[PDB]
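Below is one structure, written out as structure tokens, with a few remarks after it.
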Amino acid sequence: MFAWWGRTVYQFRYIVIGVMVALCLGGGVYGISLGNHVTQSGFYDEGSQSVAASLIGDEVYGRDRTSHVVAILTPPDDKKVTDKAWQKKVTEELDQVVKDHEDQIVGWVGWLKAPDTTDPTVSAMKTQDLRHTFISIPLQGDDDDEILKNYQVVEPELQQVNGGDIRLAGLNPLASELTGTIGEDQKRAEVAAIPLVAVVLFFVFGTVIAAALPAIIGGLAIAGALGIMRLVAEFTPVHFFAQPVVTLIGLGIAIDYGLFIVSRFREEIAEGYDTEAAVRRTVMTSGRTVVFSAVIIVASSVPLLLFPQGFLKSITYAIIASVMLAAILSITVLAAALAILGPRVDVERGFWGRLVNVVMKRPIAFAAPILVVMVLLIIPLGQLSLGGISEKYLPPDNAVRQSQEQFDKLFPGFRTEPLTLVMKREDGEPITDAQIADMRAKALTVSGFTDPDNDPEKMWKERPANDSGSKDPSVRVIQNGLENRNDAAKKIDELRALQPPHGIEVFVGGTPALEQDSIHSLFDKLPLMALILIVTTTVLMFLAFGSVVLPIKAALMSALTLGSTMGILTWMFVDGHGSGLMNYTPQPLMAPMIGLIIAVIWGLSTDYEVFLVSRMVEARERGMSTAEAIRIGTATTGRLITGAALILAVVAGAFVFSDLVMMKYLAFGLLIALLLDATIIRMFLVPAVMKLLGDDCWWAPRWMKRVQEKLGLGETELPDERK
């Protein structure tokens, strides 16, 4: 069935070439600016009561703008801040700041407007010696993205304050820095990635043009992917982390597929076959396999849609679009372009073959210990943690992280993240707060709460209610600080165990509650994720091939390898060994990051496996027994897998240098996992265990063989192609 597609591609090439080149070149200018529709929200679960309750409380009261940006002020030099000159100069510069722009900011809340006040809340707003003070200010807007953009617009003028200086931090500055690092990270990515891959693949494919094919293919594939994401941005927003993920993963898989096809065609044309039937051959035995790789890798990540996180949904859409577009463009246009290219395209393989044969003659021992060694690498994991995204992620040399540390060092206890207890009146009958007192006592009798004055009457009062909210008998929420955040986990359960008497409901929110509800929702759909992923991957492996037992055992082996490499990366990060090596603080992990990395590495490792099996199944179907087939297959697939692994390792280590620690986590984990899977799997033990299994390993359901060889994608046998 695939030969007909190859020959009709051969027939009329200009139409497809023009259509695809024009589509990708237009998508490039279409998506020049995709950061217009990127967001930093949607990380959590809507099905959780925490997020919905917090949002309803916010819309009924209005945003608490007190923590957008806060800047600590440093005086001229050595004159105390209790007299006129310092206050006049700093307030005059602040007047400059509010005077230059009005459409951007609301108003600077500070000790200086009313220095001669005795309110303890603003009295503790100064140090004991009173030389370090700060100024709070929000930004104009309603959602976090537009106020972040406003900050990005007007930050440097706030930077320039003082004949000394000012250090500003808070909720908005750290977010702005950690979002804006991505552009420079991507720039560094191509700058430090293109030369190495270019030189290695030039020294591999010989001439300049053969190195020009896959780089162009990857660039156009990622441009089309970003264009498709820009089109998708019409309805559902995407996270800003999607852009680097696509920009590198599409490039890597596209380079691998370009090698995948060009190295096969070159050996096809060295035999001297006819060029039309040559590109036919490249389509039938390589295009079918690359379609298998594409469909399996896209199907590996789609079960993540069961996790309702906008981050996960966005990145899965990104991966799907990027990889499938790359593969379809490859199989459609590369054969035609190579046919137009023409015939004049103008010691390691030997020892690979010798090594694999000598090993496989009796690798019994050389098979069994090895697989159990990494088994022990299971025990480093199991101490999984929960920290989400925090600020100690950023490097110590960063100005913002040290500024925020200086802020909460020289000013203790000024900012705390509360947990809200929202009480929305379904009955629409106005509240009496005697029930509120009853409930606060009811939840006070359980331990684990802070108290600033050893008197219970000083905790759990209403949150600030600016005029933007609905002044109605709707909600009287109560907030409290933290003793220690993780203990609140237990509280969560009992925080829903109590009762409002008759008709008023009660929901529980707050940032730890949002984080923990998200992680609990993730754990809720954990077993379905893994089981459906593995069963569908194995079945689709068999659907690609003529056997099921070898693919399912290979997938289980890949599961063990995934567990081992995830344990290794946990030892790298959660254990903290290597913290000084990579200049990162050992901190707990993220909620969906682990699932993302395990899914993607399952996909990549099973891709490498698919062609390894394909070469060996092609070798077996040529007509030879187990020994000759596997002997000719292992080294032949290894010569390509080594180059692919080197390419992917370079393009991944391009991202072990991004200051954001989670992106380092992703890159380092995926690269070590892909290397430890590819090299070790097809180097030592896996063909060994396959050959110990033997000739019976090539059985499959004939009742399913019926559909397999009649759907048009089980084209293994070849019609004795002429020479």
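Order determines the names: the first chain of the structure tokens is A, the second B, and so forth; residues in each chain are numbered 1 upward, and ligands are numbered 1 upward as they are shown.
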List the spatial neighbours of residue A:77 as a ChimeraX atom specification - criterion: any atom at most 10 Å away, only C-alpha atoms, same-chain residues fewer than 4 positions off excluded. /A:86,163-164
Selection to disk with N, CA and C atoms, as a PDB file, in the first residue's frame:
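To be explicit, this is the file written out as selection00.pdb:
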```pdb
ATOM      1  N   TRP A  86      16.522  62.903  52.837  1.00  0.00           N
ATOM      2  CA  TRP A  86      16.389  61.565  52.270  1.00  0.00           C
ATOM      3  C   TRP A  86      14.974  61.332  51.761  1.00  0.00           C
ATOM      4  N   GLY A 163      20.376  57.973  44.236  1.00  0.00           N
ATOM      5  CA  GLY A 163      21.802  58.104  44.018  1.00  0.00           C
ATOM      6  C   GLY A 163      22.587  56.921  44.533  1.00  0.00           C
ATOM      7  N   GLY A 164      21.955  56.091  45.358  1.00  0.00           N
ATOM      8  CA  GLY A 164      22.478  54.791  45.716  1.00  0.00           C
ATOM      9  C   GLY A 164      21.852  53.744  44.823  1.00  0.00           C
TER      10      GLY A 164
END
```
Please report, as a short mmCIF file (atom, residue, chain, number, x, y, z; two decimals) with C-alpha atoms, in the first residue's frame, each residue of stretch 78-307 of chain A to which DSSP assigns helix (DSSP H, G or I) when run on this structure's backbone.
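See selection-v2.cif below for the written result:
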```cif
data_model
loop_
_atom_site.label_atom_id
_atom_site.label_comp_id
_atom_site.auth_asym_id
_atom_site.auth_seq_id
_atom_site.Cartn_x
_atom_site.Cartn_y
_atom_site.Cartn_z
CA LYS A 84 13.84 65.63 55.50
CA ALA A 85 16.49 65.34 52.78
CA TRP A 86 16.39 61.57 52.27
CA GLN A 87 12.59 61.44 52.22
CA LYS A 88 12.36 64.44 49.88
CA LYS A 89 14.81 63.05 47.34
CA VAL A 90 13.37 59.54 47.30
CA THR A 91 9.76 60.75 47.21
CA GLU A 92 10.64 63.22 44.44
CA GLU A 93 12.12 60.43 42.35
CA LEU A 94 8.99 58.37 43.08
CA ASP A 95 6.95 61.40 41.98
CA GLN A 96 8.98 61.31 38.76
CA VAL A 97 8.08 57.63 38.40
CA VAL A 98 4.33 58.15 38.90
CA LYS A 99 4.47 61.36 36.83
CA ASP A 100 6.08 59.92 33.69
CA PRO A 120 1.75 48.85 64.16
CA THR A 121 1.22 47.29 60.73
CA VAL A 122 3.03 50.22 59.11
CA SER A 123 5.30 50.71 62.14
CA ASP A 144 -1.45 38.27 35.72
CA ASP A 145 -0.30 38.31 32.09
CA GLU A 146 -1.11 41.94 31.26
CA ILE A 147 0.31 43.20 34.55
CA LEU A 148 3.43 41.14 33.84
CA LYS A 149 3.66 42.85 30.45
CA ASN A 150 3.16 46.23 32.14
CA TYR A 151 6.02 45.38 34.49
CA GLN A 152 8.18 44.40 31.53
CA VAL A 153 7.34 47.80 30.04
CA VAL A 154 8.06 50.05 33.01
CA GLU A 155 10.63 48.21 35.15
CA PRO A 156 13.92 50.05 34.37
CA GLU A 157 12.68 53.43 35.60
CA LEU A 158 11.85 51.79 38.93
CA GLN A 159 15.34 50.30 38.70
CA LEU A 171 5.46 38.15 42.95
CA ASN A 172 5.88 39.90 39.59
CA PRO A 173 9.68 40.40 39.27
CA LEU A 174 10.65 36.77 39.80
CA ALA A 175 7.93 35.60 37.41
CA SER A 176 9.05 38.11 34.79
CA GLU A 177 12.68 37.00 35.03
CA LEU A 178 11.92 33.27 34.95
CA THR A 179 9.62 33.76 31.96
CA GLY A 180 11.95 36.06 30.02
CA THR A 181 14.97 33.81 30.44
CA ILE A 182 13.38 31.45 27.90
CA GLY A 183 14.12 33.64 24.87
CA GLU A 184 17.81 33.87 25.69
CA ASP A 185 17.83 30.16 26.53
CA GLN A 186 16.44 29.31 23.09
CA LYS A 187 18.89 31.68 21.40
CA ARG A 188 21.77 30.00 23.23
CA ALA A 189 20.20 26.69 22.21
CA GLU A 190 20.49 27.22 18.49
CA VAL A 191 23.78 29.13 18.77
CA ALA A 192 25.50 26.30 20.67
CA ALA A 193 23.60 23.47 18.96
CA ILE A 194 23.88 24.16 15.22
CA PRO A 195 27.70 23.95 14.84
CA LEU A 196 28.19 20.61 16.61
CA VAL A 197 25.31 18.81 14.89
CA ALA A 198 26.31 20.41 11.59
CA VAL A 199 29.93 19.26 11.79
CA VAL A 200 29.15 15.72 12.99
CA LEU A 201 26.44 15.11 10.40
CA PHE A 202 28.61 16.66 7.67
CA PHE A 203 31.41 14.27 8.59
CA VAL A 204 28.79 11.47 8.51
CA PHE A 205 26.85 12.13 5.28
CA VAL A 208 27.50 19.65 2.00
CA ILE A 209 24.06 18.98 0.51
CA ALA A 210 23.59 15.72 2.42
CA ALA A 211 24.16 17.74 5.60
CA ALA A 212 21.84 20.45 4.26
CA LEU A 213 18.83 18.11 3.99
CA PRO A 214 18.17 17.27 7.68
CA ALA A 215 18.93 20.71 9.14
CA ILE A 216 16.51 22.30 6.66
CA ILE A 217 13.96 19.57 7.40
CA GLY A 218 14.18 20.22 11.14
CA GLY A 219 14.01 23.99 10.80
CA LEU A 220 10.97 23.87 8.53
CA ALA A 221 9.30 21.22 10.72
CA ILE A 222 9.67 23.32 13.86
CA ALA A 223 8.52 26.43 11.96
CA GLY A 224 5.40 24.55 10.87
CA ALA A 225 4.89 23.32 14.43
CA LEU A 226 5.05 26.85 15.83
CA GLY A 227 2.67 27.97 13.09
CA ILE A 228 0.19 25.24 14.03
CA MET A 229 0.51 26.24 17.69
CA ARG A 230 -0.11 29.87 16.70
CA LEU A 231 -3.27 28.73 14.92
CA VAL A 232 -4.33 26.73 18.00
CA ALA A 242 6.07 25.14 25.03
CA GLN A 243 8.19 27.18 22.61
CA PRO A 244 11.64 25.83 23.65
CA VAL A 245 10.28 22.30 24.08
CA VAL A 246 8.95 22.24 20.51
CA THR A 247 11.88 24.20 19.08
CA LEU A 248 14.29 21.51 20.23
CA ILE A 249 12.27 18.27 20.22
CA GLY A 250 10.96 18.77 16.69
CA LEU A 251 14.50 19.59 15.55
CA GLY A 252 15.92 16.48 17.22
CA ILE A 253 13.34 14.01 15.93
CA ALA A 254 13.46 15.60 12.47
CA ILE A 255 17.26 15.27 12.31
CA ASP A 256 16.93 11.65 13.41
CA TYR A 257 14.30 10.97 10.74
CA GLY A 258 16.39 12.68 8.06
CA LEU A 259 19.30 10.42 8.92
CA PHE A 260 16.81 7.51 9.14
CA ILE A 261 15.89 7.99 5.48
CA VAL A 262 19.05 9.33 3.82
CA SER A 263 21.36 6.65 5.21
CA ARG A 264 18.96 3.98 3.94
CA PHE A 265 18.70 5.51 0.47
CA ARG A 266 22.47 5.85 0.14
CA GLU A 267 22.99 2.13 0.77
CA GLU A 268 20.09 1.44 -1.59
CA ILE A 269 21.72 3.46 -4.38
CA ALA A 270 25.19 2.00 -3.79
CA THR A 275 16.28 5.29 -9.03
CA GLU A 276 12.47 5.16 -9.24
CA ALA A 277 12.33 1.74 -7.60
CA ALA A 278 15.09 2.97 -5.29
CA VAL A 279 12.93 5.74 -3.82
CA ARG A 280 10.12 3.18 -3.83
CA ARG A 281 12.29 0.97 -1.61
CA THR A 282 13.16 3.85 0.72
CA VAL A 283 9.43 4.52 1.04
CA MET A 284 8.35 0.92 1.65
CA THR A 285 10.91 -0.16 4.30
CA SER A 286 11.84 3.18 5.89
CA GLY A 287 8.74 5.34 5.44
CA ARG A 288 6.51 2.66 6.96
CA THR A 289 8.82 2.43 9.98
CA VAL A 290 9.01 6.20 10.41
CA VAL A 291 5.21 6.37 10.29
CA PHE A 292 5.19 3.72 13.02
CA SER A 293 7.61 5.78 15.10
CA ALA A 294 5.51 8.92 14.61
CA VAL A 295 2.21 7.26 15.56
CA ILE A 296 3.67 5.55 18.62
CA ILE A 297 5.39 8.69 19.91
CA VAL A 298 2.25 10.78 19.47
CA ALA A 299 0.08 8.09 21.11
CA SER A 300 2.49 7.89 24.05
CA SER A 301 1.78 11.46 25.17
CA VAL A 302 -1.96 11.77 24.42
CA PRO A 303 -3.08 9.99 27.66
CA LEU A 304 -1.71 13.02 29.50
CA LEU A 305 -4.90 14.78 28.38
CA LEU A 306 -6.56 12.91 31.25
#
```
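Put simply, atom CA of residue A:508 is 21.1 Å away from atom CA of residue A:466.
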Point-to-point distance from atom CA of residue A:509 to atom CA of residue A:54, Å rounded to tenths: 5.7 Å
Contacts of stretch 409-426 of chain A at 6 Å or less, counting only C-alpha atoms, minus same-chain residues fewer than 3 places along, as a PyMOL selection string? chain A and resi 405-406+474-481+504-510
May I ask for the distance between atom CA of residue A:563 and atom CA of residue A:592, given in Å to one decimal place? 16.2 Å
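Compared by their closest atoms to residue A:565, and using only C-alpha atoms, the residues A:707, A:135, A:377, A:514 rank with A:377 nearest.
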